[PDB]
Structure formats: C-alpha cells, structure tokens
>>> print(open('my_file32.cif').read())   # mmCIF, C-alpha atoms
data_structure
loop_
_atom_site.group_PDB
_atom_site.id
_atom_site.type_symbol
_atom_site.label_atom_id
_atom_site.label_comp_id
_atom_site.auth_asym_id
_atom_site.auth_seq_id
_atom_site.Cartn_x
_atom_site.Cartn_y
_atom_site.Cartn_z
ATOM 1 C CA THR A 18 28.698 -8.399 -111.936
ATOM 2 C CA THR A 19 25.636 -10.268 -110.660
ATOM 3 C CA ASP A 20 24.176 -9.181 -107.321
ATOM 4 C CA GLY A 21 25.088 -11.297 -104.325
ATOM 5 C CA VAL A 22 27.602 -11.993 -101.585
ATOM 6 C CA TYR A 23 31.211 -12.739 -102.532
ATOM 7 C CA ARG A 24 34.394 -14.104 -100.991
ATOM 8 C CA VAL A 25 37.467 -11.872 -101.101
ATOM 9 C CA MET A 26 40.482 -14.125 -101.718
ATOM 10 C CA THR A 27 44.221 -13.492 -102.011
ATOM 11 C CA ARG A 28 47.028 -15.235 -103.882
ATOM 12 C CA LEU A 31 51.229 -20.029 -102.831
ATOM 13 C CA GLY A 32 47.754 -21.200 -101.839
ATOM 14 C CA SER A 33 44.585 -19.102 -101.774
ATOM 15 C CA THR A 34 43.348 -17.515 -98.539
ATOM 16 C CA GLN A 35 39.975 -15.875 -97.891
ATOM 17 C CA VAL A 36 40.607 -12.444 -96.372
ATOM 18 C CA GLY A 37 37.057 -11.131 -96.397
ATOM 19 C CA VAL A 38 33.562 -10.986 -97.829
ATOM 20 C CA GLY A 39 31.693 -8.357 -99.801
ATOM 21 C CA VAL A 40 28.376 -7.404 -101.389
ATOM 22 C CA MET A 41 27.823 -6.805 -105.096
ATOM 23 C CA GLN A 42 24.762 -4.622 -105.633
ATOM 24 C CA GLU A 43 23.764 -2.387 -108.557
ATOM 25 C CA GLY A 44 27.136 -3.043 -110.175
ATOM 26 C CA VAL A 45 29.118 -1.837 -107.145
ATOM 27 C CA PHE A 46 31.199 -4.058 -104.865
ATOM 28 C CA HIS A 47 31.015 -3.189 -101.159
ATOM 29 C CA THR A 48 33.358 -4.437 -98.462
ATOM 30 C CA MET A 49 35.168 -3.192 -95.386
ATOM 31 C CA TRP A 50 38.298 -1.115 -95.773
ATOM 32 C CA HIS A 51 40.453 -3.285 -93.509
ATOM 33 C CA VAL A 52 39.765 -6.270 -95.793
ATOM 34 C CA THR A 53 41.314 -4.833 -98.958
ATOM 35 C CA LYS A 54 43.112 -1.656 -97.774
ATOM 36 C CA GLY A 55 41.737 -0.214 -101.014
ATOM 37 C CA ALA A 56 43.648 -2.508 -103.370
ATOM 38 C CA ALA A 57 42.267 -3.310 -106.802
ATOM 39 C CA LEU A 58 40.353 -6.568 -107.145
ATOM 40 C CA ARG A 59 40.049 -9.047 -109.983
ATOM 41 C CA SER A 60 36.650 -10.391 -111.064
ATOM 42 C CA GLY A 61 37.132 -12.998 -113.764
ATOM 43 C CA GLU A 62 39.252 -11.418 -116.475
ATOM 44 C CA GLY A 63 38.120 -7.983 -115.261
ATOM 45 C CA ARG A 64 39.521 -5.599 -112.686
ATOM 46 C CA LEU A 65 37.534 -3.692 -110.072
ATOM 47 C CA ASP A 66 39.012 -0.363 -108.963
ATOM 48 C CA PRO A 67 38.340 1.403 -105.659
ATOM 49 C CA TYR A 68 35.883 4.260 -106.025
ATOM 50 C CA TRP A 69 35.175 5.464 -102.478
ATOM 51 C CA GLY A 70 36.650 4.597 -99.099
ATOM 52 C CA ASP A 71 36.699 5.824 -95.532
ATOM 53 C CA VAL A 72 38.966 4.384 -92.833
ATOM 54 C CA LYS A 73 36.802 5.802 -90.033
ATOM 55 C CA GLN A 74 33.682 4.012 -91.270
ATOM 56 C CA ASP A 75 35.973 1.120 -92.325
ATOM 57 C CA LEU A 76 34.159 0.840 -95.669
ATOM 58 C CA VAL A 77 35.158 0.798 -99.342
ATOM 59 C CA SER A 78 33.225 0.569 -102.611
ATOM 60 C CA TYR A 79 34.449 -0.505 -106.050
ATOM 61 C CA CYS A 80 33.281 0.653 -109.509
ATOM 62 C CA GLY A 81 30.818 3.142 -108.034
ATOM 63 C CA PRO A 82 29.519 4.945 -104.966
ATOM 64 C CA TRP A 83 28.188 3.126 -101.914
ATOM 65 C CA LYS A 84 24.744 1.717 -102.787
ATOM 66 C CA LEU A 85 23.525 0.116 -99.539
ATOM 67 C CA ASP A 86 21.291 2.347 -97.437
ATOM 68 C CA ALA A 87 18.903 0.110 -95.487
ATOM 69 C CA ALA A 88 19.203 0.420 -91.713
ATOM 70 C CA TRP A 89 18.215 -1.637 -88.691
ATOM 71 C CA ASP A 90 14.809 -0.651 -87.329
ATOM 72 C CA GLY A 91 16.037 -0.988 -83.730
ATOM 73 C CA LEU A 92 13.446 -3.619 -82.828
ATOM 74 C CA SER A 93 13.463 -6.689 -85.057
ATOM 75 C CA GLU A 94 15.827 -9.594 -85.441
ATOM 76 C CA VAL A 95 18.298 -9.486 -88.320
ATOM 77 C CA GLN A 96 20.360 -12.132 -90.109
ATOM 78 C CA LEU A 97 24.100 -12.278 -90.517
ATOM 79 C CA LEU A 98 24.787 -13.910 -93.877
ATOM 80 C CA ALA A 99 28.162 -15.240 -92.827
ATOM 81 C CA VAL A 100 30.506 -16.566 -95.497
ATOM 82 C CA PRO A 101 33.243 -18.324 -93.501
ATOM 83 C CA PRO A 102 36.405 -19.531 -95.244
ATOM 84 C CA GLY A 103 35.815 -23.062 -96.508
ATOM 85 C CA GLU A 104 32.122 -23.066 -95.559
ATOM 86 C CA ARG A 105 29.063 -22.401 -97.665
ATOM 87 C CA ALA A 106 27.218 -19.181 -96.894
ATOM 88 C CA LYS A 107 24.925 -19.541 -93.880
ATOM 89 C CA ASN A 108 22.316 -17.295 -92.261
ATOM 90 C CA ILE A 109 22.606 -16.561 -88.536
ATOM 91 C CA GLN A 110 19.533 -14.909 -87.038
ATOM 92 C CA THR A 111 20.013 -12.676 -84.004
ATOM 93 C CA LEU A 112 18.627 -9.690 -82.143
ATOM 94 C CA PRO A 113 21.239 -6.902 -82.255
ATOM 95 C CA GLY A 114 22.671 -5.217 -79.230
ATOM 96 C CA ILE A 115 23.453 -1.509 -79.312
ATOM 97 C CA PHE A 116 26.653 0.537 -79.464
ATOM 98 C CA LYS A 117 25.698 3.777 -77.721
ATOM 99 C CA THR A 118 27.940 6.603 -78.916
ATOM 100 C CA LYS A 119 28.093 10.390 -78.711
ATOM 101 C CA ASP A 120 26.719 10.492 -82.279
ATOM 102 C CA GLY A 121 23.807 8.130 -81.577
ATOM 103 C CA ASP A 122 23.096 4.422 -81.380
ATOM 104 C CA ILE A 123 24.452 1.785 -83.755
ATOM 105 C CA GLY A 124 23.121 -1.749 -83.935
ATOM 106 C CA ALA A 125 25.647 -4.447 -83.131
ATOM 107 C CA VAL A 126 25.666 -8.244 -83.352
ATOM 108 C CA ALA A 127 27.250 -10.421 -80.662
ATOM 109 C CA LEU A 128 28.490 -13.016 -83.120
ATOM 110 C CA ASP A 129 32.098 -14.203 -83.413
ATOM 111 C CA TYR A 130 33.077 -15.800 -86.740
ATOM 112 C CA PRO A 131 36.545 -16.295 -88.295
ATOM 113 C CA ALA A 132 38.294 -13.156 -89.506
ATOM 114 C CA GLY A 133 37.900 -14.067 -93.164
ATOM 115 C CA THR A 134 34.172 -13.415 -92.630
ATOM 116 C CA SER A 135 34.707 -9.653 -92.321
ATOM 117 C CA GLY A 136 32.480 -7.906 -94.846
ATOM 118 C CA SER A 137 29.630 -10.417 -94.545
ATOM 119 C CA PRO A 138 26.260 -8.632 -94.894
ATOM 120 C CA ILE A 139 23.705 -8.234 -92.135
ATOM 121 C CA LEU A 140 20.155 -8.406 -93.519
ATOM 122 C CA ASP A 141 16.733 -7.183 -92.425
ATOM 123 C CA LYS A 142 13.502 -9.169 -92.717
ATOM 124 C CA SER A 143 13.003 -7.875 -96.280
ATOM 125 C CA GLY A 144 16.445 -9.122 -97.329
ATOM 126 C CA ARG A 145 18.018 -5.660 -97.628
ATOM 127 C CA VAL A 146 21.610 -5.244 -96.457
ATOM 128 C CA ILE A 147 21.565 -3.044 -93.350
ATOM 129 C CA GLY A 148 25.336 -3.152 -92.834
ATOM 130 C CA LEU A 149 28.531 -5.171 -92.956
ATOM 131 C CA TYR A 150 30.066 -7.400 -90.275
ATOM 132 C CA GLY A 151 33.544 -7.170 -88.841
ATOM 133 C CA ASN A 152 34.375 -3.851 -87.145
ATOM 134 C CA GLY A 153 33.709 -3.902 -83.420
ATOM 135 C CA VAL A 154 34.894 -4.488 -79.842
ATOM 136 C CA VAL A 155 35.725 -7.231 -77.345
ATOM 137 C CA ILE A 156 33.984 -6.901 -73.981
ATOM 138 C CA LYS A 157 35.428 -9.745 -71.860
ATOM 139 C CA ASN A 158 37.575 -12.765 -72.910
ATOM 140 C CA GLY A 159 37.259 -12.714 -76.675
ATOM 141 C CA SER A 160 33.512 -12.035 -76.639
ATOM 142 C CA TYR A 161 33.489 -10.129 -79.927
ATOM 143 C CA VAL A 162 30.641 -7.778 -80.806
ATOM 144 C CA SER A 163 30.520 -6.290 -84.301
ATOM 145 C CA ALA A 164 28.922 -2.991 -85.175
ATOM 146 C CA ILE A 165 26.350 -3.173 -87.946
ATOM 147 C CA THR A 166 28.443 -0.900 -90.195
ATOM 148 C CA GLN A 167 26.488 0.891 -92.926
ATOM 149 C CA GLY A 168 27.588 3.633 -95.321
ATOM 150 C CA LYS A 169 25.814 6.618 -96.860
ATOM 151 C CA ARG A 170 24.278 6.081 -100.295
ATOM 152 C CA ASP B 7 46.674 -10.612 -106.099
ATOM 153 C CA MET B 8 43.147 -10.228 -104.685
ATOM 154 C CA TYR B 9 40.085 -11.646 -106.452
ATOM 155 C CA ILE B 10 36.400 -12.233 -105.692
ATOM 156 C CA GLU B 11 34.252 -15.360 -106.027
ATOM 157 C CA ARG B 12 30.473 -15.497 -105.760
ATOM 158 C CA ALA B 13 29.210 -17.188 -102.610
ATOM 159 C CA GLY B 14 25.430 -16.877 -102.635
ATOM 160 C CA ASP B 15 22.324 -14.772 -102.917
ATOM 161 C CA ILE B 16 21.417 -12.088 -100.393
ATOM 162 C CA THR B 17 18.218 -13.560 -98.951
ATOM 163 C CA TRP B 18 16.539 -13.931 -95.589
ATOM 164 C CA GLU B 19 16.313 -17.662 -94.814
ATOM 165 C CA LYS B 20 13.043 -18.439 -93.032
ATOM 166 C CA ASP B 21 13.554 -20.525 -89.893
ATOM 167 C CA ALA B 22 17.318 -20.026 -89.712
ATOM 168 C CA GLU B 23 19.726 -20.779 -86.879
ATOM 169 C CA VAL B 24 19.233 -18.292 -84.026
ATOM 170 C CA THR B 25 21.946 -17.344 -81.534
ATOM 171 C CA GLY B 26 23.782 -14.488 -79.872
ATOM 172 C CA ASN B 27 23.162 -11.998 -77.082
ATOM 173 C CA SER B 28 22.146 -8.336 -77.452
ATOM 174 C CA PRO B 29 24.509 -6.331 -75.226
ATOM 175 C CA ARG B 30 24.080 -2.600 -74.776
ATOM 176 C CA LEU B 31 27.536 -1.013 -74.726
ATOM 177 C CA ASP B 32 28.941 2.503 -74.358
ATOM 178 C CA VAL B 33 31.539 2.864 -77.133
ATOM 179 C CA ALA B 34 33.831 5.471 -78.668
ATOM 180 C CA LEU B 35 34.952 5.531 -82.314
ATOM 181 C CA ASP B 36 38.288 7.143 -83.137
ATOM 182 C CA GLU B 37 39.701 8.478 -86.392
ATOM 183 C CA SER B 38 41.312 5.111 -87.204
ATOM 184 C CA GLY B 39 37.887 3.419 -87.286
ATOM 185 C CA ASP B 40 38.598 1.653 -83.989
ATOM 186 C CA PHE B 41 35.775 1.199 -81.502
ATOM 187 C CA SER B 42 36.624 1.163 -77.806
ATOM 188 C CA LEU B 43 34.587 0.697 -74.634
ATOM 189 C CA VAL B 44 33.861 3.727 -72.447
ATOM 190 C CA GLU B 45 32.487 3.947 -68.914
#
>>> encode(input="my_file32.cif", output="structure tokens")
Amino acid sequence: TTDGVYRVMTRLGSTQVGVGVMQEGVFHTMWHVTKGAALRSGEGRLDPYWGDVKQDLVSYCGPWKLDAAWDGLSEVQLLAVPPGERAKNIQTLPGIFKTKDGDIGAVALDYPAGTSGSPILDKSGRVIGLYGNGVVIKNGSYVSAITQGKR
Amino acid sequence: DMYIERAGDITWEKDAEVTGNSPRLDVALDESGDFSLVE
C-alpha cells in the first residue's frame, strides 16, 4: 500500500520481470511487464483497473495517478531497480523522440529487462514517466521513451 | 503467480551517478506500442 517503487516478481525460483510505482493507493507499471495479470501484495490481490497497449501502461486498484512531465531542459533521474540489485539513481539529460504527435523525452540508458517499469524522476522527485519502452539505434544502443500516462 | 515487493522510496538522490547521451531521434509509434526509427 505504501508509496514507493516495487519489484514485480513471478513464481520454481523467483524471477524479477519488472518494476512499478505505488502512488496514492494505485500501482503503476508497463503493460508488457504484467500483460494485465492480477498481482499479489502480501495476502492481498491487486486487480488491473486501466491499461493501454499503445502507451504500454497499466494501473492497478485505480486510475493512473502520475502526471508530472519532463520540462524539456533539466536532467532527470532513472530510479533503476535491477534484478538482484538495490535501487539506484542514474542521473541523465534526456534525448528526444520526435514524433508526428510531438516530442517525447527519452533516456539513453540500457539496464536489464527486469528493470522495465522503473520510474524516471524530476528534480522535485515526481515521477515523470516509466522506463522500458523504446528503440535501438545501432548495435544494442537502447533508448527508452519517458512513458507517462494521463491522470 | 506474480507478486510485488517494495524496493525503495521515490526520491531524487543529490550527487548521483551521471551517465548517458541525449540523442534526438525521429520515431514512429504503432498501434502495438512499438516505437520504430523513421528517416
């Protein structure tokens, strides 16, 4: 229930398939991490509430709550939660995905796939998007969009 | 069979590790959520 960043694990052996953000009682992760499946939190169960394959986002127990956005100028921080590592902050200046529908910030950071869903933060600590949907430009140089929903 | 475990607070960490480029890329986004490069 408590706000924060969470590992998404799956059950022999346990594997980390992703990361998500709990905020205002709603769990936020990327759609390709869970494919919309229900999640367990302690003895409780978290049920999908909203999802969108095109945005590659899903929320549990409530509507999408994150609405901060990159200002287009300042450095941000990827709060990466890699499998088997403690959460760590990676500061970077985002690149830009230029699209027909406008510009999207993007971070040229390449972490293991179980880090998908890790939040990208602004200088005030607000989540401006989630990590792990993007493109490869040349020889596994992965660039992730800063993927944010609509509150 | 999927469960969540808390991993930390959501906080900016002053004087954190800094890395990464800032490429500017023309991209297209299709219905499947897939980004692709465009020229």
>>> closest_residue(input="my_file32.cif", among="A:132, A:109, A:22, A:140", to="residue 23 (chain B)", atoms="all atoms listed in the file")
A:109
>>> residues_near_point(input="my_file32.cif", point="(24.6, -0.5, -103.5)", cutoff="7 Å", atoms="only C-alpha atoms", output="JSON, numbers by chain")
{"A": [42, 43, 45, 83, 84, 85]}
>>> resolve_selection(input="my_file32.cif", expression="the PyMOL selection byres ((chain B and resi 13) around 12)", output="PDB file with C-alpha atoms, in the coordinates of the input")
ATOM      1  CA  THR A  19      25.636 -10.268-110.660  1.00  0.00           C
ATOM      2  CA  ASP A  20      24.176  -9.181-107.321  1.00  0.00           C
ATOM      3  CA  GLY A  21      25.088 -11.297-104.325  1.00  0.00           C
ATOM      4  CA  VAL A  22      27.602 -11.993-101.585  1.00  0.00           C
ATOM      5  CA  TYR A  23      31.211 -12.739-102.532  1.00  0.00           C
ATOM      6  CA  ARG A  24      34.394 -14.104-100.991  1.00  0.00           C
ATOM      7  CA  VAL A  25      37.467 -11.872-101.101  1.00  0.00           C
ATOM      8  CA  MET A  26      40.482 -14.125-101.718  1.00  0.00           C
ATOM      9  CA  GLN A  35      39.975 -15.875 -97.891  1.00  0.00           C
ATOM     10  CA  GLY A  37      37.057 -11.131 -96.397  1.00  0.00           C
ATOM     11  CA  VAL A  38      33.562 -10.986 -97.829  1.00  0.00           C
ATOM     12  CA  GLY A  39      31.693  -8.357 -99.801  1.00  0.00           C
ATOM     13  CA  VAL A  40      28.376  -7.404-101.389  1.00  0.00           C
ATOM     14  CA  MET A  41      27.823  -6.805-105.096  1.00  0.00           C
ATOM     15  CA  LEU A  98      24.787 -13.910 -93.877  1.00  0.00           C
ATOM     16  CA  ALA A  99      28.162 -15.240 -92.827  1.00  0.00           C
ATOM     17  CA  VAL A 100      30.506 -16.566 -95.497  1.00  0.00           C
ATOM     18  CA  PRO A 101      33.243 -18.324 -93.501  1.00  0.00           C
ATOM     19  CA  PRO A 102      36.405 -19.531 -95.244  1.00  0.00           C
ATOM     20  CA  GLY A 103      35.815 -23.062 -96.508  1.00  0.00           C
ATOM     21  CA  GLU A 104      32.122 -23.066 -95.559  1.00  0.00           C
ATOM     22  CA  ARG A 105      29.063 -22.401 -97.665  1.00  0.00           C
ATOM     23  CA  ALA A 106      27.218 -19.181 -96.894  1.00  0.00           C
ATOM     24  CA  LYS A 107      24.925 -19.541 -93.880  1.00  0.00           C
ATOM     25  CA  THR A 134      34.172 -13.415 -92.630  1.00  0.00           C
ATOM     26  CA  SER A 137      29.630 -10.417 -94.545  1.00  0.00           C
ATOM     27  CA  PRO A 138      26.260  -8.632 -94.894  1.00  0.00           C
TER      28      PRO A 138
ATOM     29  CA  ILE B  10      36.400 -12.233-105.692  1.00  0.00           C
ATOM     30  CA  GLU B  11      34.252 -15.360-106.027  1.00  0.00           C
ATOM     31  CA  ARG B  12      30.473 -15.497-105.760  1.00  0.00           C
ATOM     32  CA  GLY B  14      25.430 -16.877-102.635  1.00  0.00           C
ATOM     33  CA  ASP B  15      22.324 -14.772-102.917  1.00  0.00           C
ATOM     34  CA  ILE B  16      21.417 -12.088-100.393  1.00  0.00           C
TER      35      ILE B  16
END
>>> residues_near_point(input="my_file32.cif", point="(41.7, -2.9, -81.1)", cutoff="12 Å", atoms="all atoms listed in the file", output="PyMOL selection string")
(chain A and resi 152-156+159+161) or (chain B and resi 34-36+38-43)
>>> write_last_selection(input="my_file32.cif", atoms="C-alpha atoms", output="mmCIF file, in the frame of the given file")
data_model
loop_
_atom_site.group_PDB
_atom_site.id
_atom_site.type_symbol
_atom_site.label_atom_id
_atom_site.label_comp_id
_atom_site.auth_asym_id
_atom_site.auth_seq_id
_atom_site.Cartn_x
_atom_site.Cartn_y
_atom_site.Cartn_z
ATOM 1 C CA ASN A 152 34.375 -3.851 -87.145
ATOM 2 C CA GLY A 153 33.709 -3.902 -83.420
ATOM 3 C CA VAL A 154 34.894 -4.488 -79.842
ATOM 4 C CA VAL A 155 35.725 -7.231 -77.345
ATOM 5 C CA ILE A 156 33.984 -6.901 -73.981
ATOM 6 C CA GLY A 159 37.259 -12.714 -76.675
ATOM 7 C CA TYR A 161 33.489 -10.129 -79.927
ATOM 8 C CA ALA B 34 33.831 5.471 -78.668
ATOM 9 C CA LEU B 35 34.952 5.531 -82.314
ATOM 10 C CA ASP B 36 38.288 7.143 -83.137
ATOM 11 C CA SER B 38 41.312 5.111 -87.204
ATOM 12 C CA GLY B 39 37.887 3.419 -87.286
ATOM 13 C CA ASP B 40 38.598 1.653 -83.989
ATOM 14 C CA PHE B 41 35.775 1.199 -81.502
ATOM 15 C CA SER B 42 36.624 1.163 -77.806
ATOM 16 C CA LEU B 43 34.587 0.697 -74.634
#
>>> residues_around(input="my_file32.cif", residues="residue 124 (chain A)", least_positions_apart="5", cutoff="10 Å", atoms="only C-alpha atoms", output="NGL selection string")
(:A and (88-92 or 112-117 or 147-148 or 163-167)) or (:B and (28-30))
>>> resolve_selection(input="my_file32.cif", expression="the PyMOL selection byres ((chain A and resi 63-71) around 9)", output="ChimeraX atom specification")
/A:46,49-50,55-62,72-83 /B:9,39
>>> write_last_selection(input="my_file32.cif", atoms="C-alpha atoms", output="PDB file, keeping the file's coordinate frame")
ATOM      1  CA  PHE A  46      31.199  -4.058-104.865  1.00  0.00           C
ATOM      2  CA  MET A  49      35.168  -3.192 -95.386  1.00  0.00           C
ATOM      3  CA  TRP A  50      38.298  -1.115 -95.773  1.00  0.00           C
ATOM      4  CA  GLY A  55      41.737  -0.214-101.014  1.00  0.00           C
ATOM      5  CA  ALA A  56      43.648  -2.508-103.370  1.00  0.00           C
ATOM      6  CA  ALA A  57      42.267  -3.310-106.802  1.00  0.00           C
ATOM      7  CA  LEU A  58      40.353  -6.568-107.145  1.00  0.00           C
ATOM      8  CA  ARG A  59      40.049  -9.047-109.983  1.00  0.00           C
ATOM      9  CA  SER A  60      36.650 -10.391-111.064  1.00  0.00           C
ATOM     10  CA  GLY A  61      37.132 -12.998-113.764  1.00  0.00           C
ATOM     11  CA  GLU A  62      39.252 -11.418-116.475  1.00  0.00           C
ATOM     12  CA  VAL A  72      38.966   4.384 -92.833  1.00  0.00           C
ATOM     13  CA  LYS A  73      36.802   5.802 -90.033  1.00  0.00           C
ATOM     14  CA  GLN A  74      33.682   4.012 -91.270  1.00  0.00           C
ATOM     15  CA  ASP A  75      35.973   1.120 -92.325  1.00  0.00           C
ATOM     16  CA  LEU A  76      34.159   0.840 -95.669  1.00  0.00           C
ATOM     17  CA  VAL A  77      35.158   0.798 -99.342  1.00  0.00           C
ATOM     18  CA  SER A  78      33.225   0.569-102.611  1.00  0.00           C
ATOM     19  CA  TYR A  79      34.449  -0.505-106.050  1.00  0.00           C
ATOM     20  CA  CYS A  80      33.281   0.653-109.509  1.00  0.00           C
ATOM     21  CA  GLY A  81      30.818   3.142-108.034  1.00  0.00           C
ATOM     22  CA  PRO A  82      29.519   4.945-104.966  1.00  0.00           C
ATOM     23  CA  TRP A  83      28.188   3.126-101.914  1.00  0.00           C
TER      24      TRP A  83
ATOM     25  CA  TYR B   9      40.085 -11.646-106.452  1.00  0.00           C
ATOM     26  CA  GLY B  39      37.887   3.419 -87.286  1.00  0.00           C
TER      27      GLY B  39
END
>>> atom_distance(input="my_file32.cif", atom1="CA of residue 32 (chain B)", atom2="CA of residue 118 (chain A)")
6.2 Å
>>> resolve_selection(input="my_file32.cif", expression="the PyMOL selection byres ((chain B and resi 25) around 7)", output="list in words")
residues 110 and 111 of chain A; 23, 24 and 26 of chain B
>>> atom_distance(input="my_file32.cif", atom1="CA of residue 119 (chain A)", atom2="CA of residue 44 (chain B)")
10.8 Å
>>> atom_distance(input="my_file32.cif", atom1="CA of residue 108 (chain A)", atom2="CA of residue 54 (chain A)")
26.6 Å
>>> closest_residue(input="my_file32.cif", among="A:135, A:48, A:130, A:141", to="chain B", atoms="all atoms listed in the file")
A:141
>>> axis_aligned_box(input="my_file32.cif", around="region 141-149 of chain A", padding_each_side="5 Å", output="AutoDock Vina command-line options")
--center_x 20.8 --center_y -6.1 --center_z -95.0 --size_x 25.5 --size_y 16.1 --size_z 15.2
>>> closest_residue(input="my_file32.cif", among="A:149, A:162, A:36, A:139", to="residue 126 (chain A)", atoms="all atoms listed in the file")
A:162
>>> build_atoms(input="my_file32.cif", residues="region 16-28 of chain B", atoms="N, CA and C atoms", output="compact mmCIF listing (two decimals), in the frame of the given file")
# COMPACT_ATOMS: atom_id res chain seq x y z
N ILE B 16 21.71 -12.84 -101.61
CA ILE B 16 21.42 -12.09 -100.39
C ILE B 16 19.92 -12.26 -100.14
N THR B 17 19.59 -13.16 -99.22
CA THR B 17 18.22 -13.56 -98.95
C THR B 17 18.07 -13.86 -97.47
N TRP B 18 16.94 -13.44 -96.90
CA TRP B 18 16.54 -13.93 -95.59
C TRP B 18 16.14 -15.40 -95.71
N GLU B 19 16.63 -16.23 -94.80
CA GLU B 19 16.31 -17.66 -94.81
C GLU B 19 15.35 -17.96 -93.67
N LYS B 20 14.07 -18.14 -94.02
CA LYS B 20 13.04 -18.44 -93.03
C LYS B 20 13.46 -19.62 -92.17
N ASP B 21 13.17 -19.51 -90.87
CA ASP B 21 13.55 -20.52 -89.89
C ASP B 21 15.04 -20.86 -90.01
N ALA B 22 15.87 -19.87 -89.72
CA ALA B 22 17.32 -20.03 -89.71
C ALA B 22 17.82 -20.24 -88.29
N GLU B 23 19.09 -20.59 -88.18
CA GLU B 23 19.73 -20.78 -86.88
C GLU B 23 19.78 -19.46 -86.12
N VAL B 24 19.36 -19.49 -84.85
CA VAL B 24 19.23 -18.29 -84.03
C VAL B 24 20.20 -18.40 -82.85
N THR B 25 20.99 -17.35 -82.63
CA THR B 25 21.95 -17.34 -81.53
C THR B 25 22.44 -15.92 -81.29
N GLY B 26 23.13 -15.75 -80.18
CA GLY B 26 23.78 -14.49 -79.87
C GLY B 26 23.02 -13.68 -78.84
N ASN B 27 23.76 -12.90 -78.05
CA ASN B 27 23.16 -12.00 -77.08
C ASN B 27 22.91 -10.64 -77.74
N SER B 28 22.42 -9.69 -76.96
CA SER B 28 22.15 -8.34 -77.45
C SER B 28 22.65 -7.33 -76.42
